[PDB]
Amino acid sequence: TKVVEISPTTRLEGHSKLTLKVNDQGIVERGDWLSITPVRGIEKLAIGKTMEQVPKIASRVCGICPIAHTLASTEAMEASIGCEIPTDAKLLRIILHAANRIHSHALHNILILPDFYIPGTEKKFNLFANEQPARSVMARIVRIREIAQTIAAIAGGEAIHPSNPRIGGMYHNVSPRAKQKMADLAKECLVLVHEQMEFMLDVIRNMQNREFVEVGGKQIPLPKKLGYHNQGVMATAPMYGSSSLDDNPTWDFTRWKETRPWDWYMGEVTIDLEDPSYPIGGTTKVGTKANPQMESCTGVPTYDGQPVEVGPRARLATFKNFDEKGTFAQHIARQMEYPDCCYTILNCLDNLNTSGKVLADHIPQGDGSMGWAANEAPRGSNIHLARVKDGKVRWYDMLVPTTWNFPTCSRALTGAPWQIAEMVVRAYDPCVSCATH
Amino acid sequence: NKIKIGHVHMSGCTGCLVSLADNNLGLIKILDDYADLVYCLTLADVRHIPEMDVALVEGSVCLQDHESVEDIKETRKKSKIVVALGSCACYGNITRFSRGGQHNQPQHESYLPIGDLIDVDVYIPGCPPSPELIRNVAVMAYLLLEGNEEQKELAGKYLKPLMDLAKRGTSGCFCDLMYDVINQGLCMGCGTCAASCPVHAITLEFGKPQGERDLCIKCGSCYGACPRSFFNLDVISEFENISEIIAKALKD
Amino acid sequence: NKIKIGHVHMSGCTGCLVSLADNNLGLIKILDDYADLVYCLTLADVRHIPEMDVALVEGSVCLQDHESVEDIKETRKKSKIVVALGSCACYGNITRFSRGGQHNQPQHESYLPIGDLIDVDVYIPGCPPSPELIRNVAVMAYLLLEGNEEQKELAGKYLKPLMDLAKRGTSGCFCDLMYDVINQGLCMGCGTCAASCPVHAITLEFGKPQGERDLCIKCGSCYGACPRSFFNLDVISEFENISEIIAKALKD
Amino acid sequence: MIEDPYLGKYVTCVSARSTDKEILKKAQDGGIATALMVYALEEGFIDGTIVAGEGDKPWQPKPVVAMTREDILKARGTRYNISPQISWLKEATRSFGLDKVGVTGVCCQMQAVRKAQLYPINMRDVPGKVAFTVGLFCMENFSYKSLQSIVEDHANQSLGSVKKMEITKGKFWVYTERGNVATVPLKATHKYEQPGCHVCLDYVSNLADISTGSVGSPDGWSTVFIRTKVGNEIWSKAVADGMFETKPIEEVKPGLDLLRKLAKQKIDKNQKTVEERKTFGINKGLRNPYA
Amino acid sequence: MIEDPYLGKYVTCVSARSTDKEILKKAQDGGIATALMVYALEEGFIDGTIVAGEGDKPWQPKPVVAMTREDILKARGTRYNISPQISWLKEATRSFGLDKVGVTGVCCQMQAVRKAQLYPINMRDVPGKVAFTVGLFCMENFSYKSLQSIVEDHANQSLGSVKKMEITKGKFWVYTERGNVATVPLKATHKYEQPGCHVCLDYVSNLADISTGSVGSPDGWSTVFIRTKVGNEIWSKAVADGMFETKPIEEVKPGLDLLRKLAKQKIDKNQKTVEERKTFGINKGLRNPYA
Ligand SMILES: Cc1cc2nc3c(=O)[nH]c(=O)nc-3n(C[C@H](O)[C@H](O)[C@H](O)COP(=O)(O)OP(=O)(O)OC[C@H]3O[C@@H](n4cnc5c(N)ncnc54)[C@H](O)[C@@H]3O)c2cc1C
Ligand SMILES: Cc1cc2nc3c(=O)[nH]c(=O)nc-3n(C[C@H](O)[C@H](O)[C@H](O)COP(=O)(O)OP(=O)(O)OC[C@H]3O[C@@H](n4cnc5c(N)ncnc54)[C@H](O)[C@@H]3O)c2cc1C
Ligand code: SF4
Ligand code: SF4
Ligand code: SF4
Ligand code: SF4
Ligand code: SF4
Ligand code: SF4
Ligand code: SF4
Ligand code: SF4
Ligand SMILES: [Fe+3]
């Protein structure tokens, strides 16, 4: 056993590292992927603040998925106080949610493609480069994300940190013109995401037929079971979410418990294996001490006493019994989620009444009861829990998808050549600012 | 010659980077012709901070995180121009409210905008910051370093109010409109602050700003956008020409 | 020789004067032995601002009221030591919220603390300011101008943090505890800010301040009272001796 | 281009009034601001515009995004108190889903728009979606309590009866629906001006695409500056389409000579105020937004 | 008077413990802080005192104004997380109507009281109504989440079972009600310290009337500094009344030599931190409250 460390990780959101024990062949025996993002402490600073402010603060946990936290936080407040929002407010929230999932999955295409090969060649995608096919692909992705952000801005008030959601529904309904504009854009987007999806699935399928990849000049073998783990999955909806107001909620808070990294991470180790050629800048210096239990910045939520995988694959496994697992299965399931986003937007626009009410007539102030809301963020189940009393948050808790995925991905690192541990990581589409909040 | 640009991610949400990317083909145009992205953990595999002409720095600094403090000091050392990108970097924003006590780093208690630890050349305020502003600053930074004298003169005039904001301080709030506009005899009731506020904390009552201070997330946008904070007539009166210049620089 | 003291009433509520008077026989002792009240429209018939050793100035300045602006300029001209008495004079306080529009002077819109118009030597923050603080400042001002060198040295050391506050700025808010204490790594959870807040806007959650910003009336008390704003060990460690000195100066 | 130091940059200046007789019935002057926005909407230069609609109290304006000819016409007539027009500038591009926003307002509001186009600070999508701005001349404005005090006390009129107000020929004029007229000397109104107007160095909405006002033209007519390429395209095409009567401004009394003089008095007086701010205190001064 | 540079100003220093056997049953050490406040209340030196009462979560302190012997005794035992004692300092003189307030707490809380006596900033009536302060020795403190992490993870104990906690001999000690003992090396606890403690230059509550702690005295006994005239009057009279066993501190191991050394390490380490703040940045630093 030797210990190699990659710090920082790259082509994901935010700040983490991989602390890896490897065998004499460089295959991970036990690896820890951990947040080293400072804890801004949103759960504790929320206490005493107003139920209107806390969702707008929680939004600023993450600018890729602020819709997830805005909606999950707002709907946790609504669940605690017992506020039923109007239909047209819900329809606008779903449109906002679906649009953001498009932009997020497409942004993630940008981050993972450099690890992938132009099918049938030994050339990797370089999306910066003004050459084909990369530039044509970048142009499609860029238009996809532009459409997505535009719809999000129209239905949510703002693409990043949406302003329209409020306790009890929305500040604004949209105009007949705005509704036509969103429909026009969704029609254009649906064709584009079908193209991007088929493109990505082909690239992934080419990856599954490869035997090695090139990292830092060297050939790295591709295990058949790359990224396999035995944690199973958790998901609350295929699209939107669930909350404790529902007749039959699809998440069970009696099965959840959160520990410190303590229960699940390695203690102190010393780095004795270093590779200065790891692109670009090498790995952690020999002699460095690391302690994942103490350095990890997240809590570890569990379901039935164990870490779980959340995210697109978790959703398709839970709701369609999708039956492939590991790194390339995760990539596949994410791409498959493209069309539902556009069909959902178009169906929601069809049902939206632009003269309809968007704010509940009565917003109660709460008595301290616990409520919770789950939003199926692009990366998986985002669960916010709250006690609101007299309009103030007395208790707040956030179980964010990448928080769930950190210990699970770690276990999935077993069997990988340490030089492609980052590829295992990127199939989770990590958001480490999310994970840490 | 392309200038060298890095994106440095401190205690931010990456929404500032998303805002840059939301210039769409404008960003690709800039990366094609005017600028090399030498560093960005989100998009590229350069692991350590290299030399930069322009560092776009987002997020604030956790005083109790050693690597973070070293990163922001190293960034100033490595960069000709330091840009506080977005309100967290400029003004602390939601991290003003951080107070520790959360797992798994309950000692991660104190956060300051980057201007309290290093000297900052340029503020780009906003939460989220507007894509167009980030684009204008990138283009003008290039013109300031690779243009003819007529361009470098324009660029210097364009950036001056954003440099003045960096010298003014590291605090942003609804109160800026009281302290420095209404209380100064300068408010004329235009309502711009209300449009810019990302959380709808500002209403106008009889033509005057009314701030919901317990909704305000201290981003500094409203004073920035207010036309009685800075109003540099030499630049803004030439809006048609400066707009045409920026468009031409992005054209295909 | 008694020093000469005036009370100047700008846009204040006179509660600062009431606080002075609430030293009871202490005030009469001071007026008997150490100080002549040369000016105070509330208590005496001197119609115009005379020369003063110490001007206790309460309230802020309405920029659209000509006599008010002349009064505060005349006060600085007429006074050796200018004291911003209370939070309106120090920090604007509730007049930060003024925005015009009320009969019969709808143009009376803009109010600034006095330190934005003249140089201020000494802050006495608080709304209301504590009688004991106003007494201590009067006594120490006398010692600074009529004492032996040992007294003038003590007085100068006592007043230094109140002079530092005057040089720090003209703004007061719950946010001071964020910006300059919690965000600086200095908060240790003592809870003093909560006791000093006059409107109960501060609670402590898990040992850390939580501010109801839409209750806060921007008086600057909490940062003042915080033992991690200024803590001048040379003075405060001698609390027993300095207390005995002040008592003896008020004794009969 | 003319680069006048008091009237701003412009291509031409004419005296004009709308040929739409319905618009003229309630227009303040020539109906230029209504006629241009209606026409821009019908032609597709804008898909909506911010106008000073009717509010919750008599003669109090309420900004609104108008998207029909009818809603635009509801904003005819001068309201001499504050209308925070720019408060709907971003929202017009969000829930309203507009691609081509029009904006009407006074000089400082035109300034706000151009600052947002060039320095968007939490104003995403606004720079590229501003399509057409029409700026009113403005000497000064008032709070609503000021306007109440002027009309009810000094003019002795009930606000519920007022059909039109007009500042001209040294007086504040009040016209009632039943046909009476009252005047107030402007000297009496000065205490009531919004203080932030005293620092304003822009009289004829220098930064608008098209600027329009009353001074320089007879009653029923407007003085119009056509300034930007946007402004010239729309004006040319509207004139060609029969939307306006025009006269070159030099053939009109009092014309551009009176106008340039009042512009000069405004800037001169306010530049002085701007300067006195620097030494307002003892050893210190007040902020200058223009520094 | 002794003017020690690390132990502050004091008249004498003894090793002591209360003769009240009921108090000792749950006291952390010698029962000095409880015994003094109970005695001051019975004798009329105070009519109430601020103590670290029991809170809403196990081992979380809640400050409270205690006005009976029974309520004072509820605050026995060290809670190693933050108790914002000073938050009730003014209120004790308002709705509670006290004339003679007692205050218990650690060094920084003693500091807060004296600052309020000398620089009352919206602390009316407080300077004259503080009657008696008892200060605990304090090396450092923790947030509640820190304490949870230390006890539940590192010591592997349930908080609901803990009877006593103790930092001593290089370890964090946890004693359970059913009789078990667990320890954690203090090196493991350092990441969890409240950051604001790292700037604290006061170990034995220099500014209290009487200071009390554990280091220097055997188990069951306290090291006590009697510092002010208030402190000497109350201590003398309590000793004379039979309230305490004492031993001169020089006849006690480890005694004042160990104590002065730990005090020196604390100030030395924290003075260094205070100094590094000045150059924390590049060309700038962090605030120093002591400057
Ligand atoms: C405070 C104010 C001061 C003015 N001072 C002068 C002056 O000194 N000299 C001069 O020649 N003209 C001045 N004007 C302009 C003049 O009064 C007419 O408004 C202008 O000629 C437009 O008339 P019109 O027939 O073209 O517009 P109309 O067709 O009658 O349409 C009215 C237009 O004015 C806008 N509007 C009405 N009230 C306000 C308001 N409070 N704020 C913002 N927009 C408003 C509406 O949105 C609409 O665009 C002033 C206008 C205002 C609001
Ligand atoms: C964070 C903390 C750190 C300490 N570090 C040291 C040290 O390094 N060396 C040393 O010798 N002693 C230290 N002490 C003091 C020691 O642990 C005992 O508290 C002290 O000896 C008093 O014991 P006693 O028997 O006289 O009090 P008891 O009769 O048991 O009464 C307990 C007293 O302690 C107060 N108290 C209990 N917890 C807190 C709290 N969190 N905050 C404020 N007041 C509290 C109560 O109000 C009460 O006055 C520390 C105490 C605390 C709270
Ligand atoms: S300024 Fe706003 S969008 Fe930018 S890093 Fe901070 S929270 Fe994110
Ligand atoms: S944006 Fe307009 S309304 Fe708001 S403070 Fe500035 S001048 Fe006043
Ligand atoms: S009021 Fe709104 S725009 Fe102004 S600082 Fe607060 S959140 Fe930002
Ligand atoms: S500081 Fe408070 S008490 Fe003093 S004049 Fe102002 S409102 Fe009155
Ligand atoms: S008074 Fe005490 S609790 Fe309040 S900010 Fe200061 S150190 Fe923190
Ligand atoms: S929180 Fe309270 S003490 Fe602090 S400035 Fe506001 S009102 Fe004053
Ligand atoms: S005078 Fe200037 S600041 Fe006042 S309303 Fe008219 S255009 Fe605006
Ligand atoms: S070490 Fe100092 S600041 Fe920390 S709790 Fe103890 S006495 Fe207070
Ligand atoms: Fe969490």
Side-chain angles (χ1 to χ4, degrees), chain B residues 99-100 109-110 175 213-214, chain C residues 87 90-94 96 125-128 171-231, chain E residues 63 78-87 89-90 105-112 115-116 121-123 135-143 167 193-208 211 213 263 266-267 269-270 273 289:
Chain B
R99 64 200 178 203
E109 171 167 347
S110 317
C175 308
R213 302 161 55 211
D214 262 327
Chain C
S87 294
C90 291
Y91 297 136
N93 191 60
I94 63 144
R96 291 305 187 177
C127 177
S171 70
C173 191
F174 166 76
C175 308
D176 287 325
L177 301 182
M178 294 190 307
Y179 298 154
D180 293 319
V181 188
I182 304 154
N183 298 351
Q184 284 277 334
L186 295 164
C187 175
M188 40 65 187
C190 65
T192 306
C193 45
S196 75
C197 179
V199 293
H200 299 325
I202 299 168
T203 48
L204 279 100
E205 298 289 359
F206 292 117
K208 293 289 155 173
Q210 156 57 27
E212 199 162 353
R213 302 161 55 211
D214 262 327
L215 196 36
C216 171
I217 47 86
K218 307 197 60 92
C219 76
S221 297
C222 48
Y223 180 75
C226 170
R228 298 282 180 89
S229 49
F230 72 86
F231 194 87
Chain E
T78 299
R79 263 56 53 67
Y80 296 108
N81 52 306
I82 306 164
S83 188
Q85 304 286 93
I86 312 303
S87 61
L89 179 60
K90 169 194 293 175
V106 289
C107 314
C108 51
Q109 288 158 0
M110 297 297 94
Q111 295 169 1
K115 172 167 181 179
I121 296 179
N122 220 324
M123 297 290 272
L136 319 189
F137 304 171
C138 179
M139 185 60 79
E140 70 263 306
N141 209 346
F142 301 95
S143 65
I167 298 172
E193 310 178 348
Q194 164 177 227
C197 291
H198 294 161
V199 101
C200 178
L201 316 167
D202 194 328
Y203 184 49
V204 292
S205 279
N206 293 344
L207 297 194
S211 306
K266 183 181 188 183
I267 327 285
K269 168 154 43 70
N270 289 351
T273 300

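Below, read A as the first sequence line, B as the second, and so on, with proteins coming before strands; counting in each chain starts at 1. Counting starts at 1 for both ligands and their atoms, following the listed order. Reckoned from all heavy atoms, side chains included, excluding hydrogens, waters and symmetry mates.
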Visitor: Any atom of ligand 8 sitting under 4.0 Å from a heavy atom of C:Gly211?
Guide: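 False for this residue.
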
Visitor: Only heavy atoms of C:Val199, strictly under 4.0 Å: list the atoms of ligand 8 that pass.
Guide: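 Checking each atom against C:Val199, I get 7 (S).
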
Visitor: Taking only heavy atoms of C:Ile202 into account, list the atoms of ligand 8 that are under 4.0 Å away from them.
Guide: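 Here the atoms of ligand 8 in question are 1 (S).
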
Visitor: Please list the nearest protein heavy atom to atom 7 (S) of ligand 8 with its residue and the distance rounded to 0.1 Å.
Guide: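 Sorting protein heavy atoms by distance from atom 7 (S) of ligand 8 puts C:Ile217 N, 3.4 Å first.
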
Visitor: Short list, please: which atoms of ligand 8 are under 4.0 Å from a heavy atom of C:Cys173?
Guide: 5 (S)

Visitor: What protein heavy atom lies closest to atom 2 (Fe) of ligand 8? Include the residue and the distance to one decimal.
Guide: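 In this structure, atom 2 (Fe) of ligand 8 has C:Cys197 SG, 2.3 Å as its nearest protein heavy atom.
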
Visitor: Heavy atoms only: which of C:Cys216, C:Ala194, C:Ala201 is nearest to atom 6 (Fe) of ligand 8?
Guide: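 Looking at heavy atoms only, the winner is C:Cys216.
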
Visitor: Listing by chain and number, which protein N, O or S atoms are under 2.8 Å from atom 2 (Fe) of ligand 7?
Guide: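 N, O, S partners closer than 2.8 Å: C:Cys190 SG.
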
Visitor: So does C:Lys208 pair up with B:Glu109, basic N to acidic O under 4.0 Å?
Guide: yes

Visitor: Give the residue, atom name and distance (to 0.1 Å) of the protein heavy atom nearest atom 5 (S) of ligand 8.
Guide: C:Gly220 N, 3.2 Å

Visitor: For atom 4 (Fe) of ligand 10, does an N/O/S atom of E:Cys197 lie at less than 2.8 Å?
Guide: yes

Visitor: Among all protein heavy atoms, pick the one closest to atom 1 (S) of ligand 8 and tell me residue, atom and distance.
Guide: C:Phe174 CB, 3.6 Å

Visitor: If the contact criterion is a heavy-atom separation under 4.0 Å, does C:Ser196 count as touching ligand 8?
Guide: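 Heavy atoms of C:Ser196 never come under 4.0 Å of ligand 8.
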
Visitor: To the nearest 0.1 Å, how far is atom 4 (Fe) of ligand 8 from its closest protein heavy atom, and which atom is that?
Guide: C:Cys222 SG, 2.3 Å

Visitor: Any idea which protein heavy atom is nearest atom 8 (Fe) of ligand 8, and the distance to it?
Guide: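 The closest heavy atom on the protein side is C:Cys219 SG, 2.3 Å.
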
Visitor: Does E:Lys115 count as lying over the ring of C:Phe230, i.e. NZ or CZ under 6.0 Å from the six-ring centre, within 45 degrees of the axis?
Guide: yes

